[PDB]
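Engineer: Sharing a structure with you now.
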Amino acid sequence: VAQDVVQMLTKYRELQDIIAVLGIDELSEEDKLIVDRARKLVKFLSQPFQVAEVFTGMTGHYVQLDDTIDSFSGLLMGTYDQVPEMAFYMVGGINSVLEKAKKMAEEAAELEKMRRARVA
Amino acid sequence: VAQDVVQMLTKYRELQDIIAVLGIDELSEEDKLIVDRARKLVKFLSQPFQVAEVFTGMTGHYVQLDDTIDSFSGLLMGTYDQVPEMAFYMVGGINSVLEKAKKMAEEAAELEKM
Amino acid sequence: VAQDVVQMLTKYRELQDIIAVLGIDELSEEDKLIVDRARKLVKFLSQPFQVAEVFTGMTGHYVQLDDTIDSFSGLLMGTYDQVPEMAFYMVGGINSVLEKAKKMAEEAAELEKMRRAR
Amino acid sequence: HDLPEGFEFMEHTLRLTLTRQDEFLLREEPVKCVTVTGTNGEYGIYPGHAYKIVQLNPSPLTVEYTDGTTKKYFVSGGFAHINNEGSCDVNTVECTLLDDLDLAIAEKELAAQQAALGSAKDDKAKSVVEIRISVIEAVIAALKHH
Amino acid sequence: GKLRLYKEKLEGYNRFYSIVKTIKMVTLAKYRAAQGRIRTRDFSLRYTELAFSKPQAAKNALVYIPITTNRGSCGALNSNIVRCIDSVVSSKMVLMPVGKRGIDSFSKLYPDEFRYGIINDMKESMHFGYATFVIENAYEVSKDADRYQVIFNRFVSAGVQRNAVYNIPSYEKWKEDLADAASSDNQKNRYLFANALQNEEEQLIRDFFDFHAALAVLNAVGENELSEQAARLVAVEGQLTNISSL
Amino acid sequence: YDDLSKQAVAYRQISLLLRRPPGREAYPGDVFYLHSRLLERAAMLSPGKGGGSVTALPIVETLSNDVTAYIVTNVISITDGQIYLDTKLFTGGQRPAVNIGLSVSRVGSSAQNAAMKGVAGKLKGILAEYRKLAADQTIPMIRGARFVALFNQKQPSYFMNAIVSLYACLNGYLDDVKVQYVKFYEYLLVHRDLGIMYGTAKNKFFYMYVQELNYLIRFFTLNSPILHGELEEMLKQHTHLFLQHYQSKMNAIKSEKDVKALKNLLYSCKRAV
Amino acid sequence: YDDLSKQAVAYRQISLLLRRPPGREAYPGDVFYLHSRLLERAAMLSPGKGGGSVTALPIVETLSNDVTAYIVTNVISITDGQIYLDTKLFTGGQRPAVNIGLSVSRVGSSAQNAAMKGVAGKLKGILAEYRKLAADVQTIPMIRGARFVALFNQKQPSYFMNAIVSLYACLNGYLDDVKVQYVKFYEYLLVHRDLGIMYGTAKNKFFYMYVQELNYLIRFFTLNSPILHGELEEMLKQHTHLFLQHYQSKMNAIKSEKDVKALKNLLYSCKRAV
Amino acid sequence: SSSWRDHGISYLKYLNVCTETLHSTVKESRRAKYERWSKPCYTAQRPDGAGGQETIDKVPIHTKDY
């Protein structure tokens, strides 16, 4: 699992130079899916520290070794492709990712209902 | 003849930057033919050395001055446009080019039939 | 006044890229008037120098600070919209602008009368 | 959620709308009449309550405005879509102005294609040449006198 | 060493900017030519609406004619049409795309449904003949169908390229919907339209179908061409800012 | 020598502390001479003086793939070519991360075994065309990609087990076999054997379990009337049975706990050659 | 001075060997002063001291088009502009390979002859528009601009009369109908030969190209002048019409082996002789 | 000989022949503008083998092949 994260991130740095020159739309069909996962890998590597509650403004997360390996393994498989990107940013393990993704789905549902209220 | 090789290779380096940005199909009709010749000029400039039989795995080629000038002259004229590109790679004069092109035509005919 | 000249010239450079792509007619009603003023601002910023009488072939102009601020202020207001563009080119102060505009009106009246005949 | 169709962005005495390819030449312009030709002769379109679809042959139009002035065209094909309200949309493929065409070049082109008729490829290809002559004869006719 | 290579890297980007600026400026000329259209447009397909405008919403071959770009660097446009094909994808499906990117992309993603694709070199303007060539190829090897859908790119604004579609039902299905409209209080928008059309002879009704189908396609390709040059202008000017930042 | 970079730093310390004038990157004048007289003592002696040898493998650390450093450029100019290890290939997957384009042996052809010279002469032609065509599927493109998969290995391969798995790819026995299943194909060739497993064996001498054939191959080569026909049986039995019985599962297994089981199998196959 | 780069290296050797403190690129403090007092002795004296002159042409070798080197940057700041020779233009074909954009003369206008100032003032306007339009359909500037580039190629130096007339022809647009590849053949037939005298439509009273002594009359009066203007424009009108009719007609014809090669060998030799 | 309808050739091909004829009768001064709404410049094809497009050849394209 750890090697696949290093392999995917190595491909991503090569693809990042192509997007800067050509563009995001210019990439291939399979390479776009690698970017979606690799972008989530970079975001999921971030972690809110328990000593840095003053800085982040959020409680810390001690992520277990079994949690770390399983969550990253599933992301490489593509089990969390439908999960949004910002869910993975600054959280611990997979339970906190799916918790933030639930909060994002609920808040997005409320703001959409506000713009759907007015008609004609 | 020697100046035309240097001139064509100078145009080719400018065209090589355009193909990387735009594409091979984006070039003009005359410029495509310059690329086909210039690509062959770069390949034909290669030569298997007689001391380097161990490295190349092929026998050497002493190319005469009269052979060198005539073969390159004809390539600039466009007499060898129908000759394939890899025929010119790692050979001596024009006789070895047409010999390799004959071997390429025969082996391509066999693999196509199979 | 000085900031408005800098602001108007910044808008003008953005509008100059739009006219090259789309066209002069494609711009809005207010933006056309900004171009007419901004074009005059670029021309009015030019000045015939007193040491450079040999080069320009015209007498120099020392423009006073009070003249410089007032003339540019009125141009931003739109008090000199009816004044032509080439009146502002290579002059010093509003009196010389209106003097050249008078000479342009008189010479344009004569050349028009010549073609209203032949 | 689903795809909005291509018609959703289009909006909207007699008033016609004469078009070609995918661009109008006249847009809902008030007019006394217009005179097409096709299938059932030259049915002149006037103000009415009829509603009628009329297919067009290679033939001229003549747009007569209420004041008196006239603007003639020449058509390749298409239709003329008359409405209950005093308005129609003459959707042509090509609608050249009767002015952009040449009398000398058209008669030169008639002589050229008649030679091709004799030494045609076959009876299928020979019918296509007769379409070309059928336009040229109508082109020269609309120029002369009318 | 480092003094020479960083200069040659910088010289590389200078040539990059100059070549990409040539595309920018050339596509402005095409965009100026293409915008000679927005003032016109729309009024040409007034009675095309009464023929083919479906309200909403697979038994015998559904044809799809997505209108894509030739060369890339247009951006979110070819990708947008691929999402429409991936969203619909029924069992009864067959693809005949228009453009070199469509030919390349749909051949690999859908080898089963893809028959072949049409290419236009963009030398002359988008004309009726091109639209007839699309309609006639849409039933040639693909033959009869239930309907011929035409996915294309609408151009409402310079920034906003809308993704839109034209539905052309087959003549057998179309005449049945027309007969309903002619002799019922249902439909209403085309009560006297269907009566006026059906009063004319059978060849005229079939040629009316063919004509407005080609006219519906003619709008789609011409609208896509206008969307193509606009979106590429944004992508190329985005590329220039990327090159300038480097 | 692991490594000459740290030797030079130690020699620089000595030279600088004793007031020897420093030059490029603060090293003394004779830092080239330091490595030159070391590496030249490594040699291949004549028949007249025993015919013995000292082979040298000097290691030299580069900082961020910079060959233009003074100590690195010195040692390159002394040695008979190099084996360049790229950082991007390491993280990319290829291990050992040998950059073949950057790497070079100045006396390669004469150094090789007669058997190894036969297969390797063709591989230069295939990988040259594969690298060019990868930038800009032919038979070179198929067979070229399998070589790249075969080059991945943790522990060193035995000469017999290496050359046979390369000979298979050369003549095109791994063409129908996919790129991800090359290490599973190679593992089942070396340790196991499919001909002796199922039924269709009937080879008189040539098998992979018999490690002693190693030295017969080095003498006669694979392209030779003694071993050619017997070898091409072994590979024909191995391919047909692997494609039929073993590769059939991969079209099947498209479920949770079987896709993961396939991965963990294939990842362990990278280690053992 | 061929060249000041190797002088500086020699002065650096002397300074370093005598323990003079080195600075940028190991050169001494006064390596600027070395070239400065040399080049300043080259000057144009006053009428009060004879009006004599020493013109200086210092050569300075650059390494891979790097003007940022210490010795190169020093000499640029001393001299009155430069003549930059680009490596890509040399291999490209243009010889001498003078990069006009990079090159500059700080006292150009006042230095030129009255005749040469007339033609050259326009050439700056044409080549400015040609270079811009080449980066971003043929205009008059695009046609005439390309012919100037073909004319600038030369091995040995041109005589003032033979240069200015061939440039004046291109300025007023006598080589517009003439193709770009046949400009050197057009220029050769102007200087050495003459088509008007080549039995027929001559009838010029004084102005011809064989008479080299007109050189100094042109320098006095210029081409744009009532004395020579009408007589010159005859010479060029006769040369163009006859070249286009009789000599350029061959190019539509010659599409065969041993004639295409004969055309090449003719045109390649025309690059050398102006 | 006479009937374009009875020798195949749909209504749409007839219109293309009718327009292309109408464009060929345009005046010398302004024929370039009209010819670009007719002049054929397109083909139908698919990639096969390796970078070798077939070209289908079914819908005629040109006027004389109708």
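Residue numbering restarts at 1 in every chain; chains get A, B, ... in the order shown in the structure tokens, and ligands count up from 1 in that same order.
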Hey, what's within 10 Å of residue 54 of chain H if we count only C-alpha atoms and toss same-chain stuff fewer than 4 positions away? As a list in words, please?
Structural biologist: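 Here the qualifying residues turn out to be residues 116 of chain E; 44, 45, 46, 47, 48 and 49 of chain H.
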Engineer: Which residues come within 9 Å of residue 125 of chain D, counting only C-alpha atoms, excluding same-chain residues fewer than 5 positions away, as a list in words?
Structural biologist: residues 117 and 120 of chain D; 1, 4, 7, 64, 65 and 66 of chain H
Engineer: Got a sec to pull out which chain H residues are within 10 Å of chain D, counting only C-alpha atoms, and send them as a PyMOL selection string?
Structural biologist: chain H and resi 1-9+11-31+34+37-38+63-66
Engineer: Take the residues just selected and output them with N, CA and C atoms as a tab-separated table (two decimals), in the first residue's frame.
Structural biologist:
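Output file result-v3.tsv follows:
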```
chain	number	residue	atom	x	y	z
H	1	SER	N	-32.01	10.03	-67.29
H	1	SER	CA	-32.02	11.10	-68.34
H	1	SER	C	-32.69	12.38	-67.84
H	2	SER	N	-33.91	12.23	-67.31
H	2	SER	CA	-34.71	13.35	-66.83
H	2	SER	C	-34.89	13.33	-65.31
H	3	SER	N	-35.52	12.27	-64.80
H	3	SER	CA	-35.94	12.22	-63.39
H	3	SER	C	-34.79	11.95	-62.42
H	4	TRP	N	-34.38	13.00	-61.70
H	4	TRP	CA	-33.39	12.87	-60.62
H	4	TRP	C	-33.90	12.04	-59.44
H	5	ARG	N	-35.20	12.10	-59.17
H	5	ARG	CA	-35.82	11.33	-58.08
H	5	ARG	C	-35.83	9.82	-58.32
H	6	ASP	N	-36.10	9.42	-59.56
H	6	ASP	CA	-36.22	8.00	-59.91
H	6	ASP	C	-34.87	7.26	-60.07
H	7	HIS	N	-33.75	8.00	-60.08
H	7	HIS	CA	-32.41	7.40	-60.05
H	7	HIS	C	-31.77	7.55	-58.66
H	8	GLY	N	-32.52	7.21	-57.61
H	8	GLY	CA	-32.08	7.45	-56.23
H	8	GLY	C	-32.02	8.94	-55.95
H	9	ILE	N	-30.94	9.38	-55.29
H	9	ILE	CA	-30.64	10.81	-55.07
H	9	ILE	C	-31.76	11.53	-54.29
H	11	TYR	N	-33.85	14.27	-51.73
H	11	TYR	CA	-34.17	15.70	-51.84
H	11	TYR	C	-33.00	16.59	-51.41
H	12	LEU	N	-32.26	16.15	-50.39
H	12	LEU	CA	-31.13	16.92	-49.86
H	12	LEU	C	-29.97	17.05	-50.85
H	13	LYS	N	-29.68	15.98	-51.59
H	13	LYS	CA	-28.64	16.02	-52.64
H	13	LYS	C	-29.01	16.96	-53.79
H	14	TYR	N	-30.30	16.97	-54.15
H	14	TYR	CA	-30.85	17.90	-55.14
H	14	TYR	C	-30.64	19.36	-54.74
H	15	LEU	N	-30.93	19.68	-53.47
H	15	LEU	CA	-30.72	21.03	-52.93
H	15	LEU	C	-29.25	21.45	-53.01
H	16	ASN	N	-28.34	20.52	-52.71
H	16	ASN	CA	-26.89	20.77	-52.82
H	16	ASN	C	-26.47	21.03	-54.26
H	17	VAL	N	-27.06	20.29	-55.20
H	17	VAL	CA	-26.84	20.53	-56.63
H	17	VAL	C	-27.44	21.89	-57.04
H	18	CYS	N	-28.63	22.20	-56.51
H	18	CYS	CA	-29.30	23.49	-56.78
H	18	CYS	C	-28.54	24.70	-56.22
H	19	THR	N	-28.02	24.59	-55.00
H	19	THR	CA	-27.23	25.67	-54.40
H	19	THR	C	-25.91	25.85	-55.12
H	20	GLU	N	-25.18	24.75	-55.32
H	20	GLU	CA	-23.87	24.77	-56.01
H	20	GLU	C	-23.96	25.33	-57.44
H	21	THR	N	-25.09	25.10	-58.10
H	21	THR	CA	-25.38	25.73	-59.39
H	21	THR	C	-25.62	27.24	-59.22
H	22	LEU	N	-26.43	27.60	-58.23
H	22	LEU	CA	-26.74	29.00	-57.93
H	22	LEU	C	-25.50	29.81	-57.50
H	23	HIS	N	-24.54	29.14	-56.87
H	23	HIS	CA	-23.25	29.75	-56.52
H	23	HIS	C	-22.33	29.90	-57.74
H	24	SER	N	-22.40	28.96	-58.68
H	24	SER	CA	-21.62	29.04	-59.93
H	24	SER	C	-22.11	30.13	-60.91
H	25	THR	N	-23.31	30.67	-60.70
H	25	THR	CA	-23.85	31.78	-61.50
H	25	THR	C	-23.62	33.17	-60.87
H	26	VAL	N	-22.84	33.24	-59.79
H	26	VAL	CA	-22.60	34.50	-59.07
H	26	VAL	C	-21.60	35.37	-59.84
H	27	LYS	N	-21.76	36.69	-59.72
H	27	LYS	CA	-20.92	37.67	-60.42
H	27	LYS	C	-19.46	37.58	-59.97
H	28	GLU	N	-18.55	37.89	-60.90
H	28	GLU	CA	-17.10	37.76	-60.68
H	28	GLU	C	-16.59	38.56	-59.47
H	29	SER	N	-17.16	39.75	-59.27
H	29	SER	CA	-16.77	40.66	-58.19
H	29	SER	C	-16.99	40.12	-56.78
H	30	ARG	N	-17.98	39.25	-56.59
H	30	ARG	CA	-18.36	38.76	-55.26
H	30	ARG	C	-18.83	37.30	-55.28
H	31	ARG	N	-18.02	36.44	-55.89
H	31	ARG	CA	-18.26	34.98	-55.93
H	31	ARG	C	-17.52	34.22	-54.82
H	34	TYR	N	-19.75	33.72	-51.67
H	34	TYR	CA	-20.83	32.74	-51.80
H	34	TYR	C	-20.34	31.28	-51.93
H	37	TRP	N	-20.05	28.80	-48.82
H	37	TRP	CA	-21.26	28.18	-48.27
H	37	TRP	C	-21.74	26.99	-49.14
H	38	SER	N	-20.81	26.21	-49.69
H	38	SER	CA	-21.15	25.14	-50.64
H	38	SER	C	-20.00	24.18	-50.96
H	63	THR	N	-20.34	17.05	-56.14
H	63	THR	CA	-21.57	17.24	-56.91
H	63	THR	C	-21.72	16.24	-58.07
H	64	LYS	N	-20.64	15.99	-58.80
H	64	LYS	CA	-20.69	15.15	-60.01
H	64	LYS	C	-20.83	13.65	-59.71
H	65	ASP	N	-20.48	13.23	-58.50
H	65	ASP	CA	-20.65	11.84	-58.06
H	65	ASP	C	-22.08	11.50	-57.62
H	66	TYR	N	-22.95	12.51	-57.47
H	66	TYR	CA	-24.38	12.28	-57.19
H	66	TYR	C	-25.04	11.56	-58.36
```
Engineer: List as a ChimeraX atom specification the protein and nucleic acid residues near residue 92 of chain F, meaning an atom at most 8 Å away when only C-alpha atoms are counted, but skip any in the same chain fewer than 6 places from it.
Structural biologist: /A:6-8,10-11
Engineer: What is the atom CA of residue 15 of chain B-atom CA of residue 31 of chain B distance in Å, reported with one decimal?
Structural biologist: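 Separation of atom CA of residue 15 of chain B and atom CA of residue 31 of chain B: 8.2 Å.
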Engineer: Please report the interatomic distance between atom CA of residue 79 of chain E and atom CA of residue 13 of chain E in Å with one decimal.
Structural biologist: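 Taking atom CA of residue 79 of chain E and atom CA of residue 13 of chain E, their separation equals 27.7 Å.
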Engineer: Got a sec: who's within 8 Å of segment 166-171 of chain E, counting only C-alpha atoms, leaving out chain neighbours fewer than 2 positions off, as a PyMOL selection string?
Structural biologist: (chain D and resi 5-7) or (chain E and resi 52-54+144-151+164+173-175+206+209+213+216-217+220)
Engineer: Report the residues of chain B whose backbone DSSP state falls under alpha helix (DSSP H), written as an MDAnalysis selection string.
Structural biologist: chainID B and resid 2:21 29:44 53:56 65:77 85:88 94:113
Engineer: May I have the residues from that selection written out with C-alpha atoms, as an mmCIF file, in the first residue's frame?
Structural biologist:
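What follows is the written file out09.cif:
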```
data_model
loop_
_atom_site.group_PDB
_atom_site.id
_atom_site.type_symbol
_atom_site.label_atom_id
_atom_site.label_comp_id
_atom_site.auth_asym_id
_atom_site.auth_seq_id
_atom_site.Cartn_x
_atom_site.Cartn_y
_atom_site.Cartn_z
ATOM 1 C CA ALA B 2 27.242 20.554 -47.450
ATOM 2 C CA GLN B 3 25.642 23.980 -46.855
ATOM 3 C CA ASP B 4 22.160 22.626 -47.751
ATOM 4 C CA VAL B 5 22.511 19.903 -45.078
ATOM 5 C CA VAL B 6 23.412 22.602 -42.512
ATOM 6 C CA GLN B 7 20.561 24.856 -43.766
ATOM 7 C CA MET B 8 17.967 22.034 -43.716
ATOM 8 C CA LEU B 9 18.999 20.941 -40.195
ATOM 9 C CA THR B 10 18.686 24.571 -38.995
ATOM 10 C CA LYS B 11 15.110 24.752 -40.374
ATOM 11 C CA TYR B 12 14.392 21.327 -38.825
ATOM 12 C CA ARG B 13 15.312 22.484 -35.283
ATOM 13 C CA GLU B 14 12.872 25.420 -35.665
ATOM 14 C CA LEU B 15 10.148 23.063 -36.976
ATOM 15 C CA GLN B 16 10.824 20.591 -34.107
ATOM 16 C CA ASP B 17 9.683 23.256 -31.591
ATOM 17 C CA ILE B 18 6.469 23.868 -33.598
ATOM 18 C CA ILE B 19 5.506 20.138 -33.747
ATOM 19 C CA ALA B 20 5.931 19.841 -29.944
ATOM 20 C CA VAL B 21 3.557 22.783 -29.362
ATOM 21 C CA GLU B 29 2.482 20.914 -47.192
ATOM 22 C CA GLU B 30 6.046 21.905 -48.167
ATOM 23 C CA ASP B 31 7.252 21.938 -44.520
ATOM 24 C CA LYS B 32 6.091 18.309 -44.030
ATOM 25 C CA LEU B 33 8.359 17.258 -46.927
ATOM 26 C CA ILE B 34 11.278 19.188 -45.354
ATOM 27 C CA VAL B 35 10.717 17.234 -42.097
ATOM 28 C CA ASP B 36 10.684 13.879 -43.983
ATOM 29 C CA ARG B 37 14.007 14.765 -45.668
ATOM 30 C CA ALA B 38 15.556 16.360 -42.549
ATOM 31 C CA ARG B 39 14.627 13.320 -40.414
ATOM 32 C CA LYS B 40 16.387 11.161 -43.041
ATOM 33 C CA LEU B 41 19.410 13.542 -43.023
ATOM 34 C CA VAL B 42 19.836 13.091 -39.242
ATOM 35 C CA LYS B 43 19.562 9.284 -39.627
ATOM 36 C CA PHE B 44 21.880 9.154 -42.695
ATOM 37 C CA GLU B 53 31.840 -3.864 -34.454
ATOM 38 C CA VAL B 54 31.583 -5.061 -30.828
ATOM 39 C CA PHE B 55 29.277 -2.128 -29.921
ATOM 40 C CA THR B 56 27.051 -1.849 -33.020
ATOM 41 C CA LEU B 65 33.990 11.319 -50.625
ATOM 42 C CA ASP B 66 32.300 10.965 -54.043
ATOM 43 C CA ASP B 67 29.685 8.618 -52.505
ATOM 44 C CA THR B 68 29.091 10.972 -49.537
ATOM 45 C CA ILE B 69 28.493 14.063 -51.723
ATOM 46 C CA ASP B 70 26.272 12.308 -54.324
ATOM 47 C CA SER B 71 24.033 10.433 -51.833
ATOM 48 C CA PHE B 72 23.391 13.570 -49.720
ATOM 49 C CA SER B 73 22.853 15.645 -52.906
ATOM 50 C CA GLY B 74 20.101 13.290 -54.130
ATOM 51 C CA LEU B 75 18.404 13.299 -50.708
ATOM 52 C CA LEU B 76 18.173 17.129 -50.831
ATOM 53 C CA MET B 77 16.758 16.989 -54.398
ATOM 54 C CA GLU B 85 13.434 6.488 -42.971
ATOM 55 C CA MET B 86 14.995 3.544 -41.077
ATOM 56 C CA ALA B 87 16.838 2.466 -44.261
ATOM 57 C CA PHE B 88 19.145 5.493 -43.774
ATOM 58 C CA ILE B 94 23.586 4.862 -51.063
ATOM 59 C CA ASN B 95 24.167 1.202 -52.089
ATOM 60 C CA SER B 96 23.868 0.093 -48.434
ATOM 61 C CA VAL B 97 20.745 2.292 -47.998
ATOM 62 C CA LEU B 98 18.996 0.682 -50.995
ATOM 63 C CA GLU B 99 20.221 -2.758 -49.792
ATOM 64 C CA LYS B 100 18.648 -2.250 -46.339
ATOM 65 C CA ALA B 101 15.494 -0.811 -47.980
ATOM 66 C CA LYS B 102 15.234 -3.998 -50.088
ATOM 67 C CA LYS B 103 15.574 -6.141 -46.925
ATOM 68 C CA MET B 104 12.914 -3.983 -45.204
ATOM 69 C CA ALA B 105 10.530 -4.366 -48.179
ATOM 70 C CA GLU B 106 11.002 -8.168 -48.238
ATOM 71 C CA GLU B 107 10.598 -8.693 -44.463
ATOM 72 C CA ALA B 108 7.584 -6.328 -44.340
ATOM 73 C CA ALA B 109 6.042 -8.331 -47.222
ATOM 74 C CA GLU B 110 6.476 -11.605 -45.261
ATOM 75 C CA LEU B 111 5.035 -10.317 -41.940
ATOM 76 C CA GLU B 112 2.060 -8.751 -43.797
ATOM 77 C CA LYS B 113 1.356 -12.095 -45.542
#
```
Engineer: Kindly provide the residues of chain A that approach chain B to within 12 Å, each paired with its closest atom pair and their distance in Å to one decimal, based on only C-alpha atoms, listed by chain and increasing number, as a tab-separated table.
Structural biologist:
```
residue	atom	partner	partner_atom	distance
A:18	CA	B:21	CA	11.9
A:21	CA	B:21	CA	9.4
A:22	CA	B:21	CA	8.9
```
Engineer: Check which residues of chain F sit at most 12 Å from chain E using only C-alpha atoms, and return one row each with the closest pair of atoms and their distance in Å to one decimal, ordered by chain and rising number, as CSV.
Structural biologist:
```
residue,atom,partner,partner_atom,distance
F:66,CA,E:2,CA,10.5
F:67,CA,E:1,CA,10.9
F:68,CA,E:1,CA,7.8
F:69,CA,E:1,CA,10.5
```
Engineer: Residues as selected, N, CA and C atoms, written as a PDB file, in the first residue's frame, can you do that?
Structural biologist:
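Result file is out-v4.pdb:
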```pdb
ATOM      1  N   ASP F  66      22.646  15.664  -9.969  1.00  0.00           N
ATOM      2  CA  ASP F  66      23.589  16.633 -10.528  1.00  0.00           C
ATOM      3  C   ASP F  66      24.935  15.957 -10.812  1.00  0.00           C
ATOM      4  N   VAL F  67      25.135  15.568 -12.073  1.00  0.00           N
ATOM      5  CA  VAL F  67      26.407  14.980 -12.525  1.00  0.00           C
ATOM      6  C   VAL F  67      27.526  16.014 -12.727  1.00  0.00           C
ATOM      7  N   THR F  68      27.179  17.305 -12.748  1.00  0.00           N
ATOM      8  CA  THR F  68      28.155  18.377 -12.974  1.00  0.00           C
ATOM      9  C   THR F  68      29.045  18.717 -11.765  1.00  0.00           C
ATOM     10  N   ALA F  69      28.805  18.088 -10.609  1.00  0.00           N
ATOM     11  CA  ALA F  69      29.668  18.262  -9.431  1.00  0.00           C
ATOM     12  C   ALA F  69      31.084  17.759  -9.700  1.00  0.00           C
TER      13      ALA F  69
END
```
Engineer: Using DSSP assignments from the backbone, pull out every residue in segment 83-224 of chain G that falls under strand (DSSP E or B) and give it to me as a PyMOL selection string.
Structural biologist: chain G and resi 85+98+104-105
Engineer: Skip segment 59-67 of chain D itself and residues of its chain fewer than 3 positions away, then list as a PyMOL selection string all residues within 6 Å of it, counting only C-alpha atoms.
Structural biologist: chain D and resi 31-37+70-75
Engineer: I need the residues from that last selection saved to file as a compact mmCIF listing (two decimals), in the first residue's frame (with N, CA, C and O atoms), if you can.
Structural biologist:
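Ended up saving to again.txt:
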```txt
# COMPACT_ATOMS: atom_id res chain seq x y z
N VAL D 31 -44.37 44.26 -44.73
CA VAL D 31 -44.34 44.11 -46.19
C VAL D 31 -45.76 43.89 -46.75
O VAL D 31 -46.63 43.34 -46.07
N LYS D 32 -45.98 44.33 -47.99
CA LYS D 32 -47.27 44.17 -48.66
C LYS D 32 -47.45 42.73 -49.14
O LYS D 32 -48.49 42.12 -48.88
N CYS D 33 -46.45 42.20 -49.85
CA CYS D 33 -46.47 40.81 -50.31
C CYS D 33 -45.08 40.26 -50.64
O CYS D 33 -44.10 41.01 -50.68
N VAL D 34 -45.02 38.95 -50.87
CA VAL D 34 -43.84 38.27 -51.41
C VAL D 34 -44.31 37.15 -52.34
O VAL D 34 -45.32 36.50 -52.07
N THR D 35 -43.57 36.93 -53.43
CA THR D 35 -43.97 36.00 -54.49
C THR D 35 -42.93 34.90 -54.72
O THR D 35 -41.93 35.12 -55.41
N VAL D 36 -43.18 33.72 -54.15
CA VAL D 36 -42.35 32.53 -54.37
C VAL D 36 -42.82 31.78 -55.62
O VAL D 36 -43.81 32.16 -56.25
N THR D 37 -42.09 30.72 -55.97
CA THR D 37 -42.51 29.78 -57.00
C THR D 37 -42.04 28.37 -56.62
O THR D 37 -40.90 28.20 -56.18
N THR D 70 -39.08 47.73 -54.35
CA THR D 70 -39.00 46.30 -54.62
C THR D 70 -37.56 45.78 -54.46
O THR D 70 -36.61 46.44 -54.89
N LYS D 71 -37.43 44.60 -53.86
CA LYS D 71 -36.13 43.94 -53.66
C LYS D 71 -36.25 42.47 -54.06
O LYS D 71 -36.87 41.67 -53.36
N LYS D 72 -35.63 42.12 -55.20
CA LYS D 72 -35.73 40.77 -55.76
C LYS D 72 -34.55 39.88 -55.34
O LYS D 72 -33.42 40.35 -55.22
N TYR D 73 -34.85 38.60 -55.12
CA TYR D 73 -33.85 37.57 -54.78
C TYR D 73 -33.92 36.42 -55.79
O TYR D 73 -34.75 36.44 -56.71
N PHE D 74 -33.03 35.44 -55.63
CA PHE D 74 -33.13 34.15 -56.32
C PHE D 74 -32.80 33.00 -55.37
O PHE D 74 -31.79 33.04 -54.66
N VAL D 75 -33.65 31.97 -55.38
CA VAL D 75 -33.62 30.88 -54.40
C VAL D 75 -33.14 29.59 -55.06
O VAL D 75 -33.33 29.39 -56.26
```
Engineer: Between C:71, C:35, C:3, C:101, single out the one closest to residue 84 of chain C, counting only C-alpha atoms.
Structural biologist: C:101
Engineer: Residues of chain E that approach chain A to 9 Å or less, counting only C-alpha atoms: could you list each one with the shortest pair of atoms and its distance in Å to one decimal, rows by chain and increasing residue number, as a tab-separated table?
Structural biologist:
```
residue	atom	partner	partner_atom	distance
E:72	CA	A:26	CA	6.9
E:73	CA	A:26	CA	6.6
E:74	CA	A:25	CA	8.2
E:75	CA	A:25	CA	5.2
E:76	CA	A:25	CA	6.3
E:77	CA	A:25	CA	8.7
E:78	CA	A:25	CA	8.4
E:79	CA	A:25	CA	7.0
E:105	CA	A:29	CA	8.7
E:109	CA	A:29	CA	8.7
E:235	CA	A:23	CA	7.9
E:238	CA	A:23	CA	8.8
E:239	CA	A:21	CA	6.7
E:242	CA	A:20	CA	6.3
E:243	CA	A:21	CA	7.0
```
Engineer: Give me the residues near residue 70 of chain C as an MDAnalysis selection string, where near means some atom within 12 Å (using only C-alpha atoms) and where sequence neighbours in that chain fewer than 2 positions away do not count.
Structural biologist: chainID C and resid 1:2 63:68 72:77 79:80 93:95
